[PDB]
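Engineer: Below is a structure I'd like to ask you about.
There are 2 protein chains.
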Amino acid sequence: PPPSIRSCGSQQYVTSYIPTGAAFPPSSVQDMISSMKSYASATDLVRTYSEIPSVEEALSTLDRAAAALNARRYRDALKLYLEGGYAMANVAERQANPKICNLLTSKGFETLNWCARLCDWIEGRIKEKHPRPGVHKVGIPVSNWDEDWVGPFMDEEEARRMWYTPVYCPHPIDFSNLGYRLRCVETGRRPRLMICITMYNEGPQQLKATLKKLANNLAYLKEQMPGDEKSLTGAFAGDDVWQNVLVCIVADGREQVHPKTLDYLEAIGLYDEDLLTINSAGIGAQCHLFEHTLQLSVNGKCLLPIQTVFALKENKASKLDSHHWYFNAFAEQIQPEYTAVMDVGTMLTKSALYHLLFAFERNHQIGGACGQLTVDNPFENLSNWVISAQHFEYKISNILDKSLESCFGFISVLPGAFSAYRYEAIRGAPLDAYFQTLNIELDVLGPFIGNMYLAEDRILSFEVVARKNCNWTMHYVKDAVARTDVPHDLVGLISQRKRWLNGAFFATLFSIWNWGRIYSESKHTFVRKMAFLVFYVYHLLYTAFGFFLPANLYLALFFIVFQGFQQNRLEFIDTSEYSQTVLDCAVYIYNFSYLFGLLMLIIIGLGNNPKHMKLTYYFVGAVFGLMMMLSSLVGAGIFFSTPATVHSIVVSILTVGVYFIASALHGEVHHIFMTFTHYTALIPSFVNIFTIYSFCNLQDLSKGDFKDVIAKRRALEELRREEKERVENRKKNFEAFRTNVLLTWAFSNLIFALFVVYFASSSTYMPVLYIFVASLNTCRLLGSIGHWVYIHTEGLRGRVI
Amino acid sequence: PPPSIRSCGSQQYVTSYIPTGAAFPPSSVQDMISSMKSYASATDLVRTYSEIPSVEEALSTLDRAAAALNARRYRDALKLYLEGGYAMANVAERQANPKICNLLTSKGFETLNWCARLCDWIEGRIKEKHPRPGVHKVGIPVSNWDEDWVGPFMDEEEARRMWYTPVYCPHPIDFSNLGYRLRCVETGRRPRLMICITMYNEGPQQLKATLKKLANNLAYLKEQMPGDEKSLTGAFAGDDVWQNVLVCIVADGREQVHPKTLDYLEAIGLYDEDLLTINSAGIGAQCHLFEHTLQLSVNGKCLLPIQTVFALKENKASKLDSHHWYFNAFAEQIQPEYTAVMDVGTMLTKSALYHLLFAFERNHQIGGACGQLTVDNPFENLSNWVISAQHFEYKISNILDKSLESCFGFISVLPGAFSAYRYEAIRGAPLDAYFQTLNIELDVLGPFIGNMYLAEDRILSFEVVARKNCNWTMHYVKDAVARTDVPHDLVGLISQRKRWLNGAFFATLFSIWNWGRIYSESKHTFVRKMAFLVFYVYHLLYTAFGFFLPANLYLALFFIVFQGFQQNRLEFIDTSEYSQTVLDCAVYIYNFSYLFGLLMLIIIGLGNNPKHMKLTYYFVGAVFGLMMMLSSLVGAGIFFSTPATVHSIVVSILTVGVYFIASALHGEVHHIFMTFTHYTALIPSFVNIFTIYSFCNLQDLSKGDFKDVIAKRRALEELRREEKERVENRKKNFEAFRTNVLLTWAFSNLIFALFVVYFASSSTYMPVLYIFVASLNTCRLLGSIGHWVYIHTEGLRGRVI
Ligand SMILES: CC(=O)N[C@@H]1[C@@H](O)[C@H](O[C@@H]2O[C@H](CO)[C@@H](O[C@@H]3O[C@H](CO)[C@@H](O)[C@H](O)[C@H]3NC(C)=O)[C@H](O)[C@H]2NC(C)=O)[C@@H](CO)O[C@H]1O
Ligand SMILES: CC(=O)N[C@@H]1[C@@H](O)[C@H](O[C@@H]2O[C@H](CO)[C@@H](O[C@@H]3O[C@H](CO)[C@@H](O)[C@H](O)[C@H]3NC(C)=O)[C@H](O)[C@H]2NC(C)=O)[C@@H](CO)O[C@H]1O
Ligand SMILES: O=c1ccn([C@@H]2O[C@H](COP(=O)(O)OP(=O)(O)O)[C@@H](O)[C@H]2O)c(=O)[nH]1
Ligand SMILES: O=c1ccn([C@@H]2O[C@H](COP(=O)(O)OP(=O)(O)O)[C@@H](O)[C@H]2O)c(=O)[nH]1
Ligand SMILES: [Mn+2]
Ligand SMILES: [Mn+2]
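Those protein sequence lines, which keep their order, are chains B and A. When the letters of the first sequence are read in order and numbered with the entry's author numbering, they come out as residues 40 to 741, 762 to 860. When the letters of the second sequence are read in order and numbered with the entry's author numbering, they come out as residues 40 to 741, 762 to 860.
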């Protein structure tokens, strides 16, 4: 017996009782239903409201249909798809803009055809697996086109039409099996060189500069004459080079792309928002790819056409995911010969690609090459210290380390900007090892592999060399000069060095651990194996010395400066005078200041982000710079007051003058003279701050029934709770590992420093440090000299062998 | 002219071109539409599929309708509500269970009535603001009822029916204006005492124990005889007390409530999942409240009925939000006299509520009272050290600090478990200051107020005392013994102490800062103001001494033990012998071990969660315990070998024996004898570990068109980005503040310790420390004696004044 609940939701508050077990009489319920008439009025209103549909409602219905289809439910998907198709077909007539009307009509027809196909599939007439809407790319004219632009030759269809398609491929390896194709493959052009330009949250200026530089490089490649020994022959000839180069611009997400970048892309005819919004309504795209052959004009000069594929991912993911998409999908489809990788903003020079291709074609044994990296505008604004210090560091590191590692044909790390590979030695196992993280959950991999974040470049570099049944060796080219941009403040430098140091240390540990695979599996010449053994010994020694760097720096400064001041060993002044208070006060002040600075640095670095702590980092850097400048002045005075000796001059040469010798040999001597003073004032800051902060933030890393409803809710809740627990456990493990590593490092350094201070004197420790430093710098100088000899000789002596 | 796109979504890959500006001819489009016939087949399938609706689909449609209604869109809300109502009305007939059928029929009728009301409102016939579905509470019989249970008297309707209603109130202050009511108010009973039992992720055993203890307390209150001077008179008499007590059980979220707790609640008839799922389909409830008068039986004895309101919040929020809901909604509606707050698991004793009510009624000036807190089963399992140490700390803290602060009538912090207030001094401004965080975004409040997390109890305690135009003083009752449960391991203790120490320190700073309001605004007696001044001076001195505790502990241990060993000042052994190596080796070992331990502790505490670092914390605690035990043994030997003096014995008494004197005065002497040895072995661990880890993790804290669509998307993205930036900025500010505070604390301690070590000797520093400690302990002992005198005298001397 139903109570008086005729007005229960209408009134503000209503109380009722619902007995259980009576089940009610149906006649009373029907009488209650028939006694209410107002409902019809509401019904009429709804029937009046639903007559005219709306674009937004149709898009929402299509989105719901796509979500349901991705959820393994088809009947609701079919109903929603039919409703959306009919709604869009009705709506298309009302719109006034011809573009919008045409796009809506095409989308409606496509949706109706997909509905028919799915209905046929449900009946079992068509046998497929995981049915999806058919691929339907759309070509539209460009809004803005330059009437006055003279190029080699451009078909009207290629020149004035930009193509678009959304993709659904969840595993990019299947990008070609699902039936997707590009304009280049369809047209018959077969590019040989592919360049990937990753982009995420970047202003239009950097992209414009990169595209202009690429066009200039292509023009220079075109303009070279034939018949010369240094001229490339083959598909890279003149007047036809622009058809053999393809540029993939892989963005990282609509949510983070700078709006001005989107405006610039729309200006050059590569991104139209209306087409993206309309065509991708119900597909549920992982990415959207636009294709064009863009033409760029700067000032009064016209550049060469560039074939461009712009891929925009719906979600956000790391750069490794962008490389995954690029390499797997596009490389597997087009199958090029040389694959080049660079970041946005890397402004090349005229003669970079020519040198790279020349080296690749002539040598035939190079499994990967990298160019020299330099800072844009080093001389300009010489007042700033950080830019000059970074310029000096880039020059010295490039010359010495790259030369030495290229002599043995094993580059430790190719720069993430402007690197190149040949797509024959990285197709199989090396790429699989490159993308090991993206295919396996980090719980299975463990902490060691997981912590190798922003370091996979070294993984690929090692895998190319140690590939089984092959002998691929990396190489370094001097002339491939690429100009980047560096942070102008301390905080950005700190963050960048954090990433670089973490990746470098863990990749180096992995390489040292797995070096044996070269002898076990690879097929190299015996001389190559011996050279690799020598380089392995050198690498072990250098890593061991670099792991104990802060203690060595502290000991050197302390001993030399202060125990020459206190124990009267400075040669330009006698300190046997004074009241014995200053002599100990200097040492106490130095020790207390150093310890307090280190404590403050470690607390701040482990604690919070280094962006709001600008003043403290500036203060610590200034203190350390003053200390290092004072120590350098005292050392210079000591050296210039000593009557000099053969041992002394040999040590001084092999310790300090190796930089000047190498720079004069390679002709880059003026930069060193300009920037050595600036670099000398940041060495302790570099070592301490960067290493400590890198090791501190290592944690940072990526038609049922009621019973069915209840069971579904319980299962979903249980699964969510289990997933949350697993994520928490993984984070706990990574934090524990990073804490253990940091404790080991800090305590090893402290114990070593204390033992050396308490159980050794200056006359018994400094010779060992001098010998170690002299040995390392002598090895590096020999490597640089060997590389220069090779680069200036092998061209002429290639005729002999 | 439309291209051949008849088969575009059907095929795997289709290429087409869509010109812009032509707008297409409608005749060709219509001819293309009329040339396709297969669509009808699909249509038929949909018409066949949509005939039979489903419960889950109806619930999903209602949920979408509620979401749309909350989104200020009414037409779509009206359509979805009508569709869901019709679907549920059709579905209700098919179900077999009478309960499900009745609930579905009632929900369908309610939905249809709400649809009619909303349709009338849209036409403007009814004038309202923010229309919402009408409140409709449902009473259902309990599944399990005890046939054999003899109580005082129970109406059939009250005994055998449980009531339920979902609420929508976004601002709980409006809980009574929206028209919601409780069973107690409707029935005519007017409770006077309200008890809130917060719950979040707790096992059934704790809740069962708490309910059993509450029933025992009510029975003891009932059984007391009248006509006695110590017997309460009024609404708390016998045979009718159970009607004047209401218990609010406020959960914290369905996602985190332990399933066994839900099963237990369903067992005693307070939670039915089917009713919750069905009735709350379209309201969009912030909380769901069930009401019952539950009867509990344990073993062969039957307890007294308890009026219970169980409120379950849909989302998760802090305990402060639960108190907000409880206080505002229920206190404003019922308007009780005394409000009691306790946590789940607080097992009371028989004579707790009686003592609390007796004190409140007799004194008439107490604006809030708190009971003594103790550990359950202290003697059992005496092998464990942590439980005994916590028991000793609870006893000593309670006795001394509570007695001294109750003498001046200002308790620093009432325990979060088993506290009480009178609902006349907290109704206005004090509650507004209590809930300042929940009504104002933390950006406006700033870092200082925001960092006062888990400390609002002290805020309320201070606001009650310093209320304008009133004189309310807090009070402490000795006999209100409540037994809690304490963590058995070091890690849980560490986390709990982290929370407590953070809250305590920042609340203490706030109180010291704003103490002037008592003199400025409050209306107290002059003698009260003088007493508050004396207590303020004592509080300042104690806080100042406690801020420099680690340095004082280190100095005391170092000086006494090691500089008695090295400089031959231990009185039971002469160290003028030995080869001068041990004498300095002891000091060096002590200093190095202490510094390394502190460094490890601070790095670990700042670094990661203290749950996977169990071994390191155990090791550090063991080292510090061994050190403290050795120091205690050496000190005892020194004291017992000295020929003794009046000054020495006075210092020893006023330093150590104050604990024993106070415990013997209050009769709790056996616990101190049992647990003093265990507590002595954790003092350095307590101080260092708890303070450092508390200060390390301070960061932890809580029908449009296409152009309209594009503008909507852009606006939503911009708003989301702005919100993300604001959240990041707030987190940056809080991290910076906590880092600055930690640096200040650590560097102050280190500088003080170094200065005292280098510029002072044992004979020039220890007397000051002895004087300070003796003064503080003498003041505390005098406070305890005064409190005991008051508690044993005022009862007899109340006749005089
Ligand atoms: C730590 C050590 O032993 N030696 C230092 C070198 O590690 C360091 O070389 C730099 O290595 C990193 C590793 O990748 C390179 O980072 C890449 O940089 C490019 C261009 O700047 C960027 O596009 C990439 O994203 C980035 N890779 C990432 C983030 O994974 C960096 O280019 C190397 N620098 C050079 C000149 O090659 C050098 C650099 O100062 O210092 C040694 O001390
Ligand atoms: C740090 C200092 O100067 N003195 C210490 C006191 O702060 C501490 O007293 C404790 O204060 C906290 C503050 O609230 C109380 O925490 C509450 O505890 C109850 C029951 O355990 C719990 O229900 C509450 O949730 C919790 N409040 C929160 C989390 O905000 C604690 O009860 C107080 N302890 C006592 C016995 O009253 C004492 C305790 O050892 O130590 C002083 O050194
Ligand atoms: O989430 C991200 C962040 C960055 N990047 C790219 O990775 C590189 C980051 O380089 P970094 O900022 O270290 O140095 P930069 O060369 O940009 O100054 C750039 O090419 C970015 O576009 C990316 O693909 N995804
Ligand atoms: O998100 C939360 C976490 C805890 N609590 C309650 O707050 C108190 C936390 O007490 P704590 O864990 O510090 O000590 P306990 O007394 O529980 O051992 C308990 O009453 C919990 O039920 C809560 O309401 N919400
Ligand atoms: Mn860059
Ligand atoms: Mn508890």
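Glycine is no exception: its CB is placed at the ideal position from the N, C-alpha and C atoms.
Any residues in the stretch 46-77 of chain A with a beta carbon nearer than 9 Å to a beta carbon of chain B? Which ones, in chain order?
Structural biologist: Those residues of the stretch 46-77 of chain A that come within reach of chain B (Cβ to Cβ, closer than 9 Å) are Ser46, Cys47, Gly48, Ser49, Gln50, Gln51, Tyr52, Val53, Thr54, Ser55, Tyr56, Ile57, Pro58, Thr59, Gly60, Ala61, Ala62, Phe63, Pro65, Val68, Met71, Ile72, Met75, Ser77.
Engineer: Can you tell me whether DSSP reads residue 757/A as helix, strand or coil?
Structural biologist: Because chain A is numbered from 741 directly to 762, the model contains no atoms for residue 757/A.
Engineer: Quick one: grab the DSSP three-state call for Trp184/B.
Structural biologist: Within the first sequence, residue 184/B is the residue found at index 145, counting from 1. In this structure, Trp184/B counts as coil in the three-state DSSP scheme.
Engineer: Kindly indicate which three-state DSSP category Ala459/B falls into: helix, strand or coil?
Structural biologist: On the first sequence, position 420 is the one that residue 459/B refers to. If DSSP states are grouped into helix, strand and coil, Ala459/B belongs with the strands.
Engineer: Could you name the residues of chain B that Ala155/A contacts, counting a contact when the two beta carbons are closer than 9 Å?
Structural biologist: The sequence position of residue 155/A within the second sequence is 116, counting from 1. Per Cβ cutoff of 9 Å: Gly48, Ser49, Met75, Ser77, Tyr78, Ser80, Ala81.
Engineer: CB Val177/B to CB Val130/B, shorter than 8 Å?
Structural biologist: The sequence position of residue 177/B within the first sequence is 138, counting from 1. The sequence position of residue 130/B within the first sequence is 91, counting from 1. Not closer than 8 Å, so no.
Engineer: Any beta-carbon of chain B closer than 8 Å to the one on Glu95/A?
Structural biologist: Residue mapping note: residue 95/A aligns to position 56 of the second sequence, counting from 1. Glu95/A counts as touching chain B.
Engineer: Since I believe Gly123/A is in contact with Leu101/A (beta carbons under 8 Å), could you give me their beta-carbon distance rounded to a whole number of angstroms?
Structural biologist: Mapped onto the second sequence, residue 101/A falls at position 62. Mapped onto the second sequence, residue 123/A falls at position 84. So it is a contact: roughly 4 Å between Cβ atoms.
Engineer: Is there a C-beta anywhere in chain B that falls below 8 Å from the one on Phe814/A?
Structural biologist: Taking the first residue of the second sequence as position 1, residue 814/A is located at position 755. So no, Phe814/A is outside the interface.
Engineer: Out of curiosity, what's the CA-to-CA distance linking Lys434/A and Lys441/A?
Structural biologist: Residue numbering aside, residue 434/A sits at position 395 when the second sequence is read from its first letter. Residue numbering aside, residue 441/A sits at position 402 when the second sequence is read from its first letter. Approximately 10 Å between the Cα atoms of the pair.
Engineer: Pair every Cβ in the stretch 212-219 of chain B with every Cβ in the stretch 309-324 of chain B, then say whether three or more of these pairs are closer than 8 Å.
Structural biologist: Contact fails: fewer than three Cβ-Cβ distances are below 8 Å.
Engineer: Would the C-beta of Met238/B count as close to ligand 3, meaning under 7 Å from any of its heavy atoms?
Structural biologist: Position 199 of the first sequence, counting from 1, holds the residue named residue 238/B. Checking the Cβ of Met238/B against ligand 3 gives yes.
Engineer: To the nearest angstrom, how far is it from the Cα of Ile212/B to the Cα of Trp364/B?
Structural biologist: Translated into the one-based positions of the first sequence, residue 212/B becomes position 173. Translated into the one-based positions of the first sequence, residue 364/B becomes position 325. Roughly 8 Å between the two C-alpha positions.
Engineer: Pick out whichever of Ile810/A, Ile72/A, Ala306/A has its Cα sitting closest to the Cα of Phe631/B.
Structural biologist: Taking the first sequence and counting its residues from 1, the one referred to as residue 631/B is at position 592. That would be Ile810/A, whose Cα lies nearest to the Cα of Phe631/B.
Engineer: Could you say which of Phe818/A, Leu828/A, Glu616/A, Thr413/A lies nearest to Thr694/A if we only look at CA atoms?
Structural biologist: Against the second sequence, residue 694/A aligns to sequence position 655. Looking at the Cα atoms, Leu828/A is the closest of the given residues.
Engineer: Hey, is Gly178/A's beta-carbon within less than 8 Å of any beta-carbon in chain B?
Structural biologist: By one-based count along the second sequence, residue 178/A stands at place 139. With 8 Å as the cut-off, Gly178/A counts as an interface residue toward chain B.
Engineer: Who are the neighbours of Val768/A on chain B, taking C-beta pairs under 8 Å?
Structural biologist: As a working note, residue 768/A is residue 709 in the second sequence. The answer, in chain order, is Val94, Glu95, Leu98, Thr316.
Engineer: Out of curiosity, what's the CA-to-CA distance linking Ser55/A and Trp153/B?
Structural biologist: If you number the second sequence from 1, residue 55/A lands on position 16. If you number the first sequence from 1, residue 153/B lands on position 114. Each residue's Cα considered, the two are about 16 Å apart.
Engineer: Measuring alpha carbon to alpha carbon, tell me which residue in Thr413/A, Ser77/A, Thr150/A, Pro682/A is nearest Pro172/A.
Structural biologist: Sequence index remark: in the second sequence, residue 172/A carries index 133 (1-based). Ranking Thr413/A, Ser77/A, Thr150/A, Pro682/A by Cα distance to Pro172/A puts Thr150/A first.
Engineer: Closer than 7 Å, Cβ to any Cβ of chain A: which residues of the stretch 103-133 of chain B, in chain order?
Structural biologist: For the stretch 103-133 of chain B, which is checked against every Cβ of chain A, the residues closer than 7 Å are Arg114, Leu117, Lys118, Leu121.
Engineer: Could you check whether the Cβ of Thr523/B sits closer than 7 Å to any heavy atom belonging to ligand 3?
Structural biologist: As a position in the first sequence, residue 523/B is number 484, starting the count at 1. Flag set: Cβ of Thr523/B near ligand 3.
Engineer: Give a yes or no on whether 8 Å exceeds the smallest Cβ distance from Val85/B to chain A.
Structural biologist: By one-based count along the first sequence, residue 85/B stands at place 46. Cβ-Cβ to chain A under 8 Å: yes for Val85/B.
Engineer: Helix, strand or coil: which one does DSSP assign to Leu217/A?
Structural biologist: Position 178 of the second sequence, counted from the start, is the residue given in the question as residue 217/A. If DSSP states are grouped into helix, strand and coil, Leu217/A belongs with coil.
Engineer: Should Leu328/B be flagged as near chain A, meaning a C-beta pair shorter than 8 Å?
Structural biologist: If you number the first sequence from 1, residue 328/B lands on position 289. Not an interface residue.
Engineer: Could you pull out every residue in the same chain whose Cβ sits closer than 7 Å to the Cβ of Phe501/B, ignoring the five residues on either side in sequence?
Structural biologist: If you number the first sequence from 1, residue 501/B lands on position 462. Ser550, listed in sequence order.
Engineer: Hey, would you say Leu637/B sits closer than 8 Å to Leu477/B, going by beta carbons?
Structural biologist: By one-based count along the first sequence, residue 637/B stands at place 598. By one-based count along the first sequence, residue 477/B stands at place 438. Going by C-beta atoms, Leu637/B is not nearer than 8 Å to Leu477/B.
Engineer: Say yes only if the C-beta of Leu579/B is nearer than 7 Å to one or more non-hydrogen atoms of ligand 7, and no if none qualify.
Structural biologist: Absence of ligand 7 from the depicted structure is noted, with ligand 1, ligand 2, ligand 3, ligand 4, ligand 5 and ligand 6 being the only ligands included.
Engineer: Quick one, are the C-beta atoms of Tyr718/A and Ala379/A less than 8 Å apart?
Structural biologist: Position 679 of the second sequence holds residue 718/A. Position 340 of the second sequence holds residue 379/A. Their beta carbons are not under 8 Å apart, which means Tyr718/A does not touch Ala379/A by this criterion.
Engineer: Quick check on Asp382/A: does DSSP put it in helix, strand or coil?
Structural biologist: On the second sequence, residue 382/A is found 343 positions in, with the first residue counted as 1. Residue state, collapsed to three classes: strand.
Engineer: Go through the stretch 809-854 of chain A residue by residue and report every complete run of the beta strand (DSSP E) that reaches 3 residues or more, in order.
Structural biologist: List check, beta strand (DSSP E) in window: nothing returned.
Engineer: For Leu395/A versus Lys261/A, is the C-beta spacing smaller than 8 Å?
Structural biologist: Locating residue 395/A in the second sequence gives position 356, counting from the first residue. Locating residue 261/A in the second sequence gives position 222, counting from the first residue. Cβ atoms of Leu395/A and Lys261/A: not closer than 8 Å.
Engineer: Measure the C-alpha to C-alpha separation of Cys509/A and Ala464/A and round it to an integer number of angstroms.
Structural biologist: For the purposes of this step, residue 509/A is identified with residue 470 of the second sequence, where counting begins at 1. For the purposes of this step, residue 464/A is identified with residue 425 of the second sequence, where counting begins at 1. Using only the alpha carbons, I get a separation of about 8 Å.
Engineer: Determine, using beta carbons only, whether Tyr393/A and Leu232/A come nearer to each other than 8 Å.
Structural biologist: Taking the second sequence and counting its residues from 1, the one referred to as residue 393/A is at position 354. Taking the second sequence and counting its residues from 1, the one referred to as residue 232/A is at position 193. For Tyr393/A and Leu232/A, no; Cβs fall outside 8 Å.
Engineer: Hey, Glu197/A and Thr332/A are a contact pair by Cβ (cut 8 Å); roughly how many whole angstroms apart?
Structural biologist: For the purposes of this step, residue 197/A is taken as the residue at position 158 of the second sequence. For the purposes of this step, residue 332/A is taken as the residue at position 293 of the second sequence. With a Cβ gap of about 5 Å, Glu197/A and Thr332/A count as contacting.
Engineer: For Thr300/B, which residues of its own chain have a beta-carbon under 6 Å away from its beta-carbon, when the five flanking residues on both sides are left out?
Structural biologist: Taking the first residue of the first sequence as position 1, residue 300/B is located at position 261. Within the same chain, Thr300/B has close Cβ partners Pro243.
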